[PDB]
Amino acid sequence: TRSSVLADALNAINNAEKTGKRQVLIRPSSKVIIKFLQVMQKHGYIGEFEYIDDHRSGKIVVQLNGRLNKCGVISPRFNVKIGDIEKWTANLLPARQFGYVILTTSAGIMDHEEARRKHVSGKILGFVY
Amino acid sequence: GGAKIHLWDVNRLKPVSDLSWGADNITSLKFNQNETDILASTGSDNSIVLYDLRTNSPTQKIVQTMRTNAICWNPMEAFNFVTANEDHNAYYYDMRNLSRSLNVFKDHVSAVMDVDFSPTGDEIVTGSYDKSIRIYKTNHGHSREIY
Amino acid sequence: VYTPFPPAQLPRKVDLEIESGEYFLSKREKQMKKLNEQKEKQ
Amino acid sequence: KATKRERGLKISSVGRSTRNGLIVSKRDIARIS
Amino acid sequence: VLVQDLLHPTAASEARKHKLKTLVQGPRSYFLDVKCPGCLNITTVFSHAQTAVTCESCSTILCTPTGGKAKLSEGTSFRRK
Amino acid sequence: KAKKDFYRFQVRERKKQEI
Amino acid sequence: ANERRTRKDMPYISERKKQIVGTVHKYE
Amino acid sequence: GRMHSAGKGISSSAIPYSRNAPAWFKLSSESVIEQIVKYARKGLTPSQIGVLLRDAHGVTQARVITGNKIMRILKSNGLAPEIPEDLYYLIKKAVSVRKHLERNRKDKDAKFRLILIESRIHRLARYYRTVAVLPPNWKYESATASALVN
Amino acid sequence: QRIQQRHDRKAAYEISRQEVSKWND
Amino acid sequence: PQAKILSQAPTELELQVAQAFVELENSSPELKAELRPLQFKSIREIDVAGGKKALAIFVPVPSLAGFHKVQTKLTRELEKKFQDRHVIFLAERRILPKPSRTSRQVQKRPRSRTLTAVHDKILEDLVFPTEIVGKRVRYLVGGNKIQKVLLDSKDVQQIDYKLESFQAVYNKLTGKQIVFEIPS
Amino acid sequence: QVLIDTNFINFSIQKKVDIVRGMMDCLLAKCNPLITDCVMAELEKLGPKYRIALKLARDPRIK
RNA sequence: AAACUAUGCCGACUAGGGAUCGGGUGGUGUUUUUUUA
Ligand SMILES: [Zn+2]
Ligand SMILES: [Zn+2]
């Protein structure tokens, strides 16, 4: 039915910020959605956002300026080494220092650059550029 | 302007004095052109809050139907400003009576992300998230020219 | 010939495993019972 | 009208970009790793 | 109608939007306290009740279900609440 | 209105009346 | 226009006061 | 989808935010308990139990008025049903339609509907056996229909 | 406490209103 | 009746307030029998950053329900007893751990007694007699959250001067930061 | 010294070779690239869908 | 026996506009009608 919380929430952001709306509504929320969006706002791609509750599922209202270009989710959350981190970045993003790669490690959910600073790796959620 | 409006000083390495109405952020400051002791700021609870400094405290708060992105005072008149406001508008306020807007300039189609006054205290430029630029002559209140 | 009565729906694989009751069995019990079934069918 | 909608420049080059998001085939995983 | 914030809408926007598509889904029924006249009794009925609610003492009809809002019968005196 | 055979006790007395 | 030719006590919210939602300090 | 019928409708109850009763409620928790028990002894399904208790007595919703969902109350008081009420209603509907056909052997529309009903009833039975809340060797057949409705 | 803060702020507002009224003049 | 009011806890402030309860009884026509079967476990004092002071009343659940029934007037008279104070009832609800990978014969801990739902009961019970209608949490760019609690407006005036004490006491009891708001 | 045309930049991005290193491993010497104001203008004119390549071309090692 | 001049770029889709069909709420005056249906 509903394909995935991650897919649909991220795709809602993408649609609205290409159509031209200042702030979007998303339902539901998730630990993972929240963590992802925190990474995005940390790097600048969006602005700031509310989490609304009704006990059924958290809604989220995200004010985004215009800085996003695209950002999304990988379906097979496969496994990647460190040399493969580098090759995967260069092979996905529009260029080398352009964007970030977003991962789940046993250490936590986090971008590929500060992942490498911690000298950790793991599986791959998505990508921002 | 951050979590709470800190009034800094150049010499003192620490926030000289903190100010805030309610513990929301504050997204825009601007002082005024005369009465150099009066401050105005807008914050993410859709509010315009005026502050004094020679009295050193917030003085008034208005909550609108949608946030204001940036405000500016008119260097001829010292107590009217315009507030460029995401509901696709430029709202012209007088200070004392914040129960009514002196004007409302109304001809963009997306949010208005900055605004300013021709230092001849007559003319307004409004730049919008929609890729244009208005000028308004402050006595009418529609768009006077679009770049 | 016309039948007014519709034929029953063809049961599903999970239905079949519950019918065997194997679904409620643990890993080792299920594998050994599957071995028993194959051995007796053989 | 009869012109074609000027297509965006097509960037993220691994696999299929669809409803669930980006699917990278196991062929592709093995190809670049 | 034209443009309104996702987060801080109006009183009008709330009480005009639907009951599931408001910012926090909520109910639109309520409760009628009513005195039945046959005994001048006090009883509570669901504002949208779907049964011919009848007071315990006076076996008298209070409201007959009519689509959405439970429709009262003549001369049964209510408040809300 | 009542469903005459819904509850477990109901079906027990149904067996009773069958016997 | 329709809401007004039918409804009784509808105020004319002036368009220099449509978009305000509340002051804190007050007047007379 | 609103399955087997293509209308995309939505129509139901909401729930207020508060996890309590409104203060103006002043009935005994135990009192509503015996009213539940008495209506159950009279012979009403849990759905109708809830309906009566939220129409007649200002009991907003039993899940919050008491500590448990109402058939958890009925299990505490020994009155769980043999089959879930929705499955029971489906059984009743299937019996109805089958006997309808048998007297009336040409209602092909009804034949179609009976296909739909048997499909859904198989689905629900499978779910209940997955929970094992219903017996695993349990089946649907016209024999169960007759011997359980009559 | 909050309410004395509130009243302090109102007094401030009166002061600022006076000053700005002379700038009106 | 100080020993008849305490629950294995002789402390001087507790004895003073239990004597206050005895005064409630002996000056009260019906509250004698209204509260006589009602006891508590403990009382605690908390000062506020504003310089004022407040008190918390840890009670088991059933007598807490009794206070939910009969609270407002009791708070009135206890305030008149100890002028210049704030007062709150609370429930001592136990917490239960999560069994680890190497754990003995333990029970699957309650969703209600889990770390969250308890704190939610502290929220709602603290806020009582007025009710809660929202909970927001903002995430500003600098990784700066704000938790926020949307109350109601039925009790507006008598509560508008409780909010600071509320914030402080909840900080003292949980180490959390919460901001209270009322949509007027 | 190598002049860049808007279309060459679009295809370079679209096939993921970075300007400087790519030209280096093709020509096998250094390759100072040159964008003219006209090329930059055409990129910007193409506009929002091409904002990607615009950010790549505003590069402090592209003379 | 049919067939025999028909053809609109498409989709995870945004704001919609009039007119209509099926319920529902609210106002509100006309038509209605009044202890009987
Ligand atoms: Zn009566
Ligand atoms: Zn040129």
# chains A, B, ... in the order shown; residues from 1 in each chain; ligands from 1
call {"tool": "interface_residues", "arguments": {"of": "chain G", "to": "chain B", "cutoff": "8 Å", "atoms": "only C-alpha atoms", "output": "PDB file with N, CA and C atoms, in the first residue's frame"}}
result
ATOM      1  N   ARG G  16      -7.231  46.090   6.245  1.00  0.00           N
ATOM      2  CA  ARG G  16      -6.058  46.447   7.023  1.00  0.00           C
ATOM      3  C   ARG G  16      -6.051  45.787   8.391  1.00  0.00           C
ATOM      4  N   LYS G  17      -7.013  44.904   8.665  1.00  0.00           N
ATOM      5  CA  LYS G  17      -7.035  44.116   9.885  1.00  0.00           C
ATOM      6  C   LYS G  17      -7.461  42.669   9.670  1.00  0.00           C
ATOM      7  N   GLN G  19      -5.354  40.274   8.565  1.00  0.00           N
ATOM      8  CA  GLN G  19      -4.216  39.384   8.754  1.00  0.00           C
ATOM      9  C   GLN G  19      -3.630  39.418  10.157  1.00  0.00           C
ATOM     10  N   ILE G  20      -4.218  40.172  11.074  1.00  0.00           N
ATOM     11  CA  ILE G  20      -3.731  40.273  12.442  1.00  0.00           C
ATOM     12  C   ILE G  20      -4.411  39.164  13.226  1.00  0.00           C
ATOM     13  N   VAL G  21      -3.708  38.587  14.199  1.00  0.00           N
ATOM     14  CA  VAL G  21      -4.301  37.499  14.964  1.00  0.00           C
ATOM     15  C   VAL G  21      -4.194  37.780  16.454  1.00  0.00           C
ATOM     16  N   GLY G  22      -3.315  38.687  16.833  1.00  0.00           N
ATOM     17  CA  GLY G  22      -3.429  39.189  18.185  1.00  0.00           C
ATOM     18  C   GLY G  22      -2.325  40.092  18.684  1.00  0.00           C
ATOM     19  N   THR G  23      -2.693  41.177  19.339  1.00  0.00           N
ATOM     20  CA  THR G  23      -1.729  41.976  20.066  1.00  0.00           C
ATOM     21  C   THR G  23      -1.672  41.428  21.483  1.00  0.00           C
ATOM     22  N   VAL G  24      -0.598  41.733  22.202  1.00  0.00           N
ATOM     23  CA  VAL G  24      -0.544  41.328  23.602  1.00  0.00           C
ATOM     24  C   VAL G  24      -0.982  42.471  24.506  1.00  0.00           C
ATOM     25  N   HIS G  25      -0.221  43.555  24.519  1.00  0.00           N
ATOM     26  CA  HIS G  25      -0.596  44.745  25.262  1.00  0.00           C
ATOM     27  C   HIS G  25      -1.829  45.343  24.610  1.00  0.00           C
TER      28      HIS G  25
END
call {"tool": "interface_residues", "arguments": {"of": "chain C", "to": "chain H", "cutoff": "7 Å", "atoms": "only C-alpha atoms", "output": "PDB file with N, CA and C atoms, in the first residue's frame"}}
result
ATOM      1  N   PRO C   4     -25.282 -22.832  -9.906  1.00  0.00           N
ATOM      2  CA  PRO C   4     -25.429 -21.605  -9.120  1.00  0.00           C
ATOM      3  C   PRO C   4     -24.438 -21.513  -7.982  1.00  0.00           C
ATOM      4  N   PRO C   6     -20.785 -21.380  -6.409  1.00  0.00           N
ATOM      5  CA  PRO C   6     -19.418 -21.124  -6.826  1.00  0.00           C
ATOM      6  C   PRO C   6     -18.456 -22.092  -6.165  1.00  0.00           C
ATOM      7  N   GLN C   9     -12.611 -21.201  -2.936  1.00  0.00           N
ATOM      8  CA  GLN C   9     -11.336 -20.567  -3.222  1.00  0.00           C
ATOM      9  C   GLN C   9     -10.204 -21.541  -2.933  1.00  0.00           C
ATOM     10  N   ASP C  15      -1.931 -21.069   4.486  1.00  0.00           N
ATOM     11  CA  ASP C  15      -3.000 -21.929   4.968  1.00  0.00           C
ATOM     12  C   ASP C  15      -2.519 -23.367   5.059  1.00  0.00           C
ATOM     13  N   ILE C  18      -0.245 -23.873   8.070  1.00  0.00           N
ATOM     14  CA  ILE C  18      -1.014 -23.913   9.309  1.00  0.00           C
ATOM     15  C   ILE C  18      -1.802 -25.213   9.409  1.00  0.00           C
ATOM     16  N   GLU C  19      -2.303 -25.717   8.279  1.00  0.00           N
ATOM     17  CA  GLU C  19      -3.012 -26.991   8.288  1.00  0.00           C
ATOM     18  C   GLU C  19      -2.103 -28.104   8.771  1.00  0.00           C
TER      19      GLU C  19
END
call {"tool": "residues_around", "arguments": {"residues": "stretch 14-27 of chain K", "least_positions_apart": "2", "cutoff": "10 Å", "atoms": "only C-alpha atoms (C1' of nucleotides)", "output": "list in words"}}
result
residues 90, 91, 92, 93, 94, 95 and 96 of chain A; 9, 10, 11, 12 and 13 of chain D; 2, 4, 8, 9, 10, 11, 12, 29, 30, 31, 32, 33, 53, 56, 57, 61 and 62 of chain K
call {"tool": "residues_near_ligand", "arguments": {"ligand": "ligand 2", "cutoff": "6 Å", "atoms": "only C-alpha atoms (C1' of nucleotides) and all ligand atoms", "output": "PyMOL selection string"}}
result
chain K and resi 36-38
call {"tool": "select_by_dssp", "arguments": {"residues": "stretch 17-181 of chain J", "states": "helix (DSSP H, G or I)", "output": "MDAnalysis selection string"}}
result
chainID J and resid 17:27 31:35 61:81 115:127 156:160 163:174
call {"tool": "write_last_selection", "arguments": {"atoms": "C-alpha atoms", "output": "PDB file, in the first residue's frame"}}
result
ATOM      1  CA  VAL J  17       1.086  19.184  56.564  1.00  0.00           C
ATOM      2  CA  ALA J  18      -0.664  16.081  57.916  1.00  0.00           C
ATOM      3  CA  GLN J  19      -1.634  18.220  60.898  1.00  0.00           C
ATOM      4  CA  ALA J  20      -2.903  20.696  58.319  1.00  0.00           C
ATOM      5  CA  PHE J  21      -5.023  17.843  56.950  1.00  0.00           C
ATOM      6  CA  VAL J  22      -6.302  17.133  60.468  1.00  0.00           C
ATOM      7  CA  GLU J  23      -7.251  20.813  60.616  1.00  0.00           C
ATOM      8  CA  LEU J  24      -9.005  20.372  57.272  1.00  0.00           C
ATOM      9  CA  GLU J  25     -11.040  17.565  58.820  1.00  0.00           C
ATOM     10  CA  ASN J  26     -11.862  19.262  62.128  1.00  0.00           C
ATOM     11  CA  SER J  27     -12.824  22.528  60.392  1.00  0.00           C
ATOM     12  CA  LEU J  31     -14.417  16.524  54.290  1.00  0.00           C
ATOM     13  CA  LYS J  32     -13.820  14.553  57.505  1.00  0.00           C
ATOM     14  CA  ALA J  33     -15.351  11.422  56.000  1.00  0.00           C
ATOM     15  CA  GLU J  34     -14.544  12.603  52.484  1.00  0.00           C
ATOM     16  CA  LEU J  35     -10.776  12.323  53.032  1.00  0.00           C
ATOM     17  CA  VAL J  61      -3.128   5.794  42.440  1.00  0.00           C
ATOM     18  CA  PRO J  62      -6.540   5.346  44.150  1.00  0.00           C
ATOM     19  CA  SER J  63      -6.282   8.197  46.606  1.00  0.00           C
ATOM     20  CA  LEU J  64      -4.887  10.212  43.696  1.00  0.00           C
ATOM     21  CA  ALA J  65      -8.176   9.539  41.909  1.00  0.00           C
ATOM     22  CA  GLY J  66      -9.921  10.758  45.039  1.00  0.00           C
ATOM     23  CA  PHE J  67      -7.915  13.969  44.875  1.00  0.00           C
ATOM     24  CA  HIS J  68      -8.762  14.252  41.186  1.00  0.00           C
ATOM     25  CA  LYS J  69     -12.342  14.278  42.431  1.00  0.00           C
ATOM     26  CA  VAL J  70     -11.871  16.695  45.327  1.00  0.00           C
ATOM     27  CA  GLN J  71      -8.710  18.658  44.561  1.00  0.00           C
ATOM     28  CA  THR J  72      -9.538  22.285  43.833  1.00  0.00           C
ATOM     29  CA  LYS J  73     -11.059  23.234  47.198  1.00  0.00           C
ATOM     30  CA  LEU J  74      -8.376  21.261  49.016  1.00  0.00           C
ATOM     31  CA  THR J  75      -5.725  23.270  47.186  1.00  0.00           C
ATOM     32  CA  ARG J  76      -7.570  26.453  48.120  1.00  0.00           C
ATOM     33  CA  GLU J  77      -7.546  25.703  51.823  1.00  0.00           C
ATOM     34  CA  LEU J  78      -3.984  24.359  51.824  1.00  0.00           C
ATOM     35  CA  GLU J  79      -2.858  27.566  50.123  1.00  0.00           C
ATOM     36  CA  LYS J  80      -4.675  29.508  52.829  1.00  0.00           C
ATOM     37  CA  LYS J  81      -2.813  27.357  55.358  1.00  0.00           C
ATOM     38  CA  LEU J 115      10.085   5.371  30.963  1.00  0.00           C
ATOM     39  CA  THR J 116       7.794   7.343  28.650  1.00  0.00           C
ATOM     40  CA  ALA J 117       4.173   6.809  29.673  1.00  0.00           C
ATOM     41  CA  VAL J 118       5.051   7.482  33.292  1.00  0.00           C
ATOM     42  CA  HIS J 119       6.554  10.858  32.418  1.00  0.00           C
ATOM     43  CA  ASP J 120       3.431  11.530  30.386  1.00  0.00           C
ATOM     44  CA  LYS J 121       1.369  10.919  33.512  1.00  0.00           C
ATOM     45  CA  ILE J 122       3.578  13.370  35.373  1.00  0.00           C
ATOM     46  CA  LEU J 123       2.798  15.870  32.610  1.00  0.00           C
ATOM     47  CA  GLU J 124      -0.966  15.455  32.647  1.00  0.00           C
ATOM     48  CA  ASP J 125      -1.355  15.017  36.402  1.00  0.00           C
ATOM     49  CA  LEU J 126       0.812  18.072  37.040  1.00  0.00           C
ATOM     50  CA  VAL J 127      -1.179  20.164  34.574  1.00  0.00           C
ATOM     51  CA  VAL J 156      -7.022  30.554  32.174  1.00  0.00           C
ATOM     52  CA  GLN J 157      -6.653  33.200  34.859  1.00  0.00           C
ATOM     53  CA  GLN J 158      -6.003  31.035  37.899  1.00  0.00           C
ATOM     54  CA  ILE J 159      -3.404  29.109  35.872  1.00  0.00           C
ATOM     55  CA  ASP J 160      -1.585  31.891  34.001  1.00  0.00           C
ATOM     56  CA  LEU J 163       3.292  28.239  34.496  1.00  0.00           C
ATOM     57  CA  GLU J 164       6.721  29.166  35.853  1.00  0.00           C
ATOM     58  CA  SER J 165       6.279  26.944  38.884  1.00  0.00           C
ATOM     59  CA  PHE J 166       5.115  24.217  36.509  1.00  0.00           C
ATOM     60  CA  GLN J 167       8.218  24.481  34.342  1.00  0.00           C
ATOM     61  CA  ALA J 168      10.534  24.512  37.329  1.00  0.00           C
ATOM     62  CA  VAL J 169       8.973  21.553  39.097  1.00  0.00           C
ATOM     63  CA  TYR J 170       8.948  19.423  35.980  1.00  0.00           C
ATOM     64  CA  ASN J 171      12.607  20.267  35.456  1.00  0.00           C
ATOM     65  CA  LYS J 172      13.306  19.257  39.036  1.00  0.00           C
ATOM     66  CA  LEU J 173      11.434  15.963  38.687  1.00  0.00           C
ATOM     67  CA  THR J 174      12.714  14.857  35.277  1.00  0.00           C
TER      68      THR J 174
END
call {"tool": "atom_distance", "arguments": {"atom1": "atom CA of residue G:3", "atom2": "atom CA of residue E:12"}}
result
14.4 Å
call {"tool": "atom_distance", "arguments": {"atom1": "atom CA of residue A:118", "atom2": "atom CA of residue A:39"}}
result
15.9 Å
call {"tool": "closest_residue", "arguments": {"among": "E:77, E:64, E:22, E:41", "to": "ligand 1", "atoms": "only C-alpha atoms and all ligand atoms"}}
result
E:41
call {"tool": "residues_around", "arguments": {"residues": "residue D:20", "least_positions_apart": "5", "cutoff": "7 Å", "atoms": "only C-alpha atoms (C1' of nucleotides)", "output": "JSON, numbers by chain"}}
result
{"A": [3, 4, 7, 75]}
call {"tool": "write_last_selection", "arguments": {"atoms": "N, CA, C and O atoms", "output": "mmCIF file, in the first residue's frame"}}
result
data_model
loop_
_atom_site.group_PDB
_atom_site.id
_atom_site.type_symbol
_atom_site.label_atom_id
_atom_site.label_comp_id
_atom_site.auth_asym_id
_atom_site.auth_seq_id
_atom_site.Cartn_x
_atom_site.Cartn_y
_atom_site.Cartn_z
ATOM 1 N N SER A 3 3.926 2.900 0.258
ATOM 2 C CA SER A 3 5.174 2.242 -0.103
ATOM 3 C C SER A 3 6.147 2.121 1.058
ATOM 4 O O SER A 3 6.663 1.032 1.319
ATOM 5 N N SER A 4 6.414 3.225 1.750
ATOM 6 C CA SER A 4 7.278 3.265 2.928
ATOM 7 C C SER A 4 7.183 4.654 3.529
ATOM 8 O O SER A 4 7.046 5.643 2.810
ATOM 9 N N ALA A 7 10.220 6.532 2.019
ATOM 10 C CA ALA A 7 10.023 6.920 0.636
ATOM 11 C C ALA A 7 9.020 8.043 0.533
ATOM 12 O O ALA A 7 9.300 9.071 -0.084
ATOM 13 N N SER A 75 16.575 1.778 -2.082
ATOM 14 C CA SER A 75 15.669 0.694 -1.706
ATOM 15 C C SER A 75 16.397 -0.489 -1.078
ATOM 16 O O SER A 75 16.091 -0.848 0.065
#
call {"tool": "residues_near_ligand", "arguments": {"ligand": "ligand 1", "cutoff": "6 Å", "atoms": "only C-alpha atoms (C1' of nucleotides) and all ligand atoms", "output": "list in words"}}
result
residues 36, 37, 38, 39, 40, 41, 57 and 58 of chain E
call {"tool": "interface_residues", "arguments": {"of": "chain I", "to": "chain G", "cutoff": "9 Å", "atoms": "only C-alpha atoms", "output": "list in words"}}
result
residues 6, 9, 10 and 13 of chain I
call {"tool": "write_last_selection", "arguments": {"atoms": "N, CA, C and O atoms", "output": "tab-separated table (two decimals), in the first residue's frame"}}
result
chain	number	residue	atom	x	y	z
I	6	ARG	N	5.17	41.36	32.92
I	6	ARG	CA	4.21	41.86	31.95
I	6	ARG	C	3.91	43.33	32.18
I	6	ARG	O	3.95	44.15	31.26
I	9	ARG	N	6.63	45.62	31.24
I	9	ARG	CA	6.70	45.82	29.80
I	9	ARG	C	5.65	46.82	29.33
I	9	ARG	O	5.95	47.67	28.48
I	10	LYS	N	4.45	46.77	29.90
I	10	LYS	CA	3.44	47.75	29.50
I	10	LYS	C	3.89	49.17	29.83
I	10	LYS	O	3.70	50.10	29.03
I	13	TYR	N	6.12	50.36	27.32
I	13	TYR	CA	5.43	50.70	26.08
I	13	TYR	C	4.87	52.10	26.15
I	13	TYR	O	4.93	52.85	25.16
call {"tool": "residues_around", "arguments": {"residues": "stretch 5-14 of chain F", "least_positions_apart": "2", "cutoff": "7 Å", "atoms": "only C-alpha atoms (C1' of nucleotides)", "output": "MDAnalysis selection string"}}
result
(chainID F and resid 3 16:18) or (chainID H and resid 79:82)
call {"tool": "write_last_selection", "arguments": {"atoms": "N, CA and C atoms", "output": "PDB file, in the first residue's frame"}}
result
ATOM      1  N   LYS F   3     -28.336 -11.281  19.737  1.00  0.00           N
ATOM      2  CA  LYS F   3     -27.894 -12.446  18.978  1.00  0.00           C
ATOM      3  C   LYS F   3     -28.056 -13.660  19.879  1.00  0.00           C
ATOM      4  N   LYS F  16     -26.861 -28.140  25.224  1.00  0.00           N
ATOM      5  CA  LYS F  16     -27.795 -28.673  26.212  1.00  0.00           C
ATOM      6  C   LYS F  16     -29.161 -28.944  25.592  1.00  0.00           C
ATOM      7  N   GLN F  17     -29.719 -27.958  24.887  1.00  0.00           N
ATOM      8  CA  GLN F  17     -31.025 -28.126  24.259  1.00  0.00           C
ATOM      9  C   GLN F  17     -30.991 -29.108  23.097  1.00  0.00           C
ATOM     10  N   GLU F  18     -29.857 -29.224  22.401  1.00  0.00           N
ATOM     11  CA  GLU F  18     -29.717 -30.275  21.399  1.00  0.00           C
ATOM     12  C   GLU F  18     -29.833 -31.651  22.040  1.00  0.00           C
TER      13      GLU F  18
ATOM     14  N   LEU H  79     -16.818 -14.020  29.194  1.00  0.00           N
ATOM     15  CA  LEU H  79     -17.743 -13.975  28.063  1.00  0.00           C
ATOM     16  C   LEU H  79     -17.065 -13.604  26.753  1.00  0.00           C
ATOM     17  N   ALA H  80     -15.933 -14.204  26.437  1.00  0.00           N
ATOM     18  CA  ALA H  80     -15.415 -14.106  25.079  1.00  0.00           C
ATOM     19  C   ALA H  80     -16.327 -14.893  24.145  1.00  0.00           C
ATOM     20  N   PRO H  81     -16.447 -14.507  22.880  1.00  0.00           N
ATOM     21  CA  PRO H  81     -17.194 -15.332  21.925  1.00  0.00           C
ATOM     22  C   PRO H  81     -16.348 -16.496  21.431  1.00  0.00           C
ATOM     23  N   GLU H  82     -16.998 -17.415  20.715  1.00  0.00           N
ATOM     24  CA  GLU H  82     -16.285 -18.541  20.120  1.00  0.00           C
ATOM     25  C   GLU H  82     -15.540 -18.125  18.865  1.00  0.00           C
TER      26      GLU H  82
END
call {"tool": "residues_around", "arguments": {"residues": "residue D:8", "least_positions_apart": "6", "cutoff": "10 Å", "atoms": "only C-alpha atoms (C1' of nucleotides)", "output": "list in words"}}
result
residues 48, 49 and 50 of chain K
call {"tool": "interface_residues", "arguments": {"of": "chain J", "to": "chain E", "cutoff": "10 Å", "atoms": "only C-alpha atoms", "output": "compact mmCIF listing (two decimals) with C-alpha atoms, in the first residue's frame"}}
result
# COMPACT_ATOMS: atom_id res chain seq x y z
CA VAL J 133 -4.39 19.59 23.85
CA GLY J 134 -1.02 19.47 22.08
CA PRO J 183 -3.57 29.33 22.40
call {"tool": "select_by_dssp", "arguments": {"residues": "chain K", "states": "strand (DSSP E)", "output": "list in words"}}
result
residues 2, 3, 33 and 34 of chain K
call {"tool": "atom_distance", "arguments": {"atom1": "atom CA of residue H:87", "atom2": "atom CA of residue H:12"}}
result
20.4 Å
call {"tool": "interface_residues", "arguments": {"of": "chain A", "to": "chain B", "cutoff": "9 Å", "atoms": "only C-alpha atoms", "output": "PyMOL selection string"}}
result
chain A and resi 20-22+65-66
call {"tool": "write_last_selection", "arguments": {"atoms": "N, CA and C atoms", "output": "CSV table (one decimal), in the first residue's frame"}}
result
chain,number,residue,atom,x,y,z
A,20,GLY,N,7.5,24.6,-5.6
A,20,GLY,CA,7.6,25.9,-5.1
A,20,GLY,C,6.8,26.3,-3.9
A,21,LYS,N,6.8,25.4,-2.8
A,21,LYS,CA,6.1,25.7,-1.6
A,21,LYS,C,7.1,25.9,-0.4
A,22,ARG,N,6.8,26.9,0.4
A,22,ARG,CA,7.7,27.3,1.5
A,22,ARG,C,7.8,26.3,2.6
A,65,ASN,N,13.8,26.4,2.4
A,65,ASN,CA,13.9,27.6,1.7
A,65,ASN,C,13.9,27.4,0.2
A,66,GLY,N,15.1,27.1,-0.3
A,66,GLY,CA,15.1,26.7,-1.7
A,66,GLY,C,16.3,25.8,-2.1
call {"tool": "closest_atom_pairs", "arguments": {"of": "stretch 94-139 of chain B", "to": "stretch 67-79 of chain B", "cutoff": "9 Å", "atoms": "only C-alpha atoms", "output": "CSV"}}
result
residue,atom,partner,partner_atom,distance
B:94,CA,B:79,CA,6.1
B:95,CA,B:79,CA,5.5
B:96,CA,B:79,CA,7.9
B:111,CA,B:69,CA,8.6
B:112,CA,B:69,CA,7.1
B:113,CA,B:69,CA,5.6
B:114,CA,B:70,CA,5.5
B:115,CA,B:70,CA,6.7
B:116,CA,B:72,CA,5.9
B:117,CA,B:74,CA,6.1
B:118,CA,B:74,CA,8.1
B:119,CA,B:75,CA,6.0
B:120,CA,B:76,CA,7.0
B:121,CA,B:76,CA,5.1
B:122,CA,B:74,CA,8.3
call {"tool": "write_last_selection", "arguments": {"atoms": "N, CA and C atoms", "output": "CSV table (one decimal), in the first residue's frame"}}
result
chain,number,residue,atom,x,y,z
B,94,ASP,N,2.2,51.2,11.3
B,94,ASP,CA,2.7,52.3,12.2
B,94,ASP,C,2.9,51.6,13.6
B,95,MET,N,3.8,52.3,14.4
B,95,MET,CA,4.2,51.6,15.6
B,95,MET,C,3.1,51.6,16.7
B,96,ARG,N,2.7,52.8,17.1
B,96,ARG,CA,1.8,53.0,18.2
B,96,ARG,C,0.6,52.0,18.1
B,111,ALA,N,6.0,34.2,-1.5
B,111,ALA,CA,6.4,34.9,-0.2
B,111,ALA,C,7.3,36.1,-0.6
B,112,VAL,N,7.4,37.0,0.4
B,112,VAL,CA,8.2,38.2,0.2
B,112,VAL,C,9.4,38.2,1.2
B,113,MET,N,10.6,37.9,0.6
B,113,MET,CA,11.7,37.6,1.5
B,113,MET,C,12.7,38.7,1.7
B,114,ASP,N,12.4,39.9,1.2
B,114,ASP,CA,13.0,41.1,1.9
B,114,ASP,C,12.4,42.3,1.3
B,115,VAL,N,12.7,43.4,2.0
B,115,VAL,CA,12.0,44.7,1.7
B,115,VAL,C,12.8,45.8,2.2
B,116,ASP,N,12.7,47.0,1.6
B,116,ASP,CA,13.4,48.2,2.1
B,116,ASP,C,12.9,49.4,1.5
B,117,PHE,N,13.3,50.5,2.2
B,117,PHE,CA,12.9,51.9,1.9
B,117,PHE,C,14.0,52.7,1.2
B,118,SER,N,13.5,53.4,0.2
B,118,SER,CA,14.3,54.4,-0.4
B,118,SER,C,14.6,55.5,0.6
B,119,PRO,N,15.8,55.8,0.9
B,119,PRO,CA,16.1,56.7,2.0
B,119,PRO,C,15.5,58.1,1.8
B,120,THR,N,14.7,58.3,0.7
B,120,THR,CA,13.8,59.4,0.5
B,120,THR,C,12.4,59.0,1.1
B,121,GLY,N,12.3,58.1,2.0
B,121,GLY,CA,11.1,57.9,2.8
B,121,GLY,C,9.8,58.0,2.0
B,122,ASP,N,9.9,57.5,0.8
B,122,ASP,CA,8.6,57.4,0.0
B,122,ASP,C,8.4,56.0,-0.7
call {"tool": "residues_around", "arguments": {"residues": "stretch 8-17 of chain L", "least_positions_apart": "3", "cutoff": "8 Å", "atoms": "only C-alpha atoms (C1' of nucleotides)", "output": "PyMOL selection string"}}
result
(chain A and resi 11+19) or (chain D and resi 18-19)
